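As a starting point, one isolated chain is supplied in structure tokens, in the form deposited in one PDB entry.
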């Protein structure tokens, strides 16, 4: 099995850091903001060997044709905001809307990810408002830190589980 994950979210929320933390168990700071890359690794997901594919989108230049293409091919989405940036939380609705527009499936595997949980001291987005949005969207909300590793493996594995469940029909 190959579970195709797309990272979405405003610039600077930690898409790259989260991807590189998951992939290589390292905290990579200030990864080139406008640089996109695709990753693939074998993981054991509930006893079964599977491959995860992660597209760490840059997004600054991902015009209609480009983003529509990878939204269509992507099977699951980590919709990342930073808990220290309300604007990034606000923007999550936009990524989701555009994802929903192309996939035409509200049951699309999707996790709302509040990143930079190590920066509680700078929090702008309440857990309440995020959880409420997640509930509204019928998705799980997880708070992560690419810095401390907090819930990083969890978001990827949980999303894979959702993609796998979605694939179970058919």
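Basically, rigid core = biggest C-alpha set you can superpose within 1.5 Å across the two forms. Numbering follows the first chain given and starts at 1.
Note that the form deposited in another entry isn't included here; everything after this is about it.
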(request) Please say whether, between this form and the one not shown, the C-alpha of residue 46 moves by 2 Å or more once the core is aligned. (result) no
(message) Please state whether residue 108 has a C-alpha shift of 2 Å or more between this form and the one not shown, with the rigid core used for the fit.
(response) no
(request) Superpose the two forms on their rigid core, then report whether the C-alpha of residue 61 is displaced by 2 angstroms or more between this form and the one not shown. (result) yes
(request) Quick one: in that other deposited form, is the Cα gap between residue 12 and residue 59 smaller or bigger than here? Answer closer or farther; it shifts by 3 Å or more. (result) closer
(request) Once you account for a change of 3 Å or more, let me know if residue 103 and residue 62 sit closer or farther in that other deposited form, using their C-alpha atoms. (result) farther
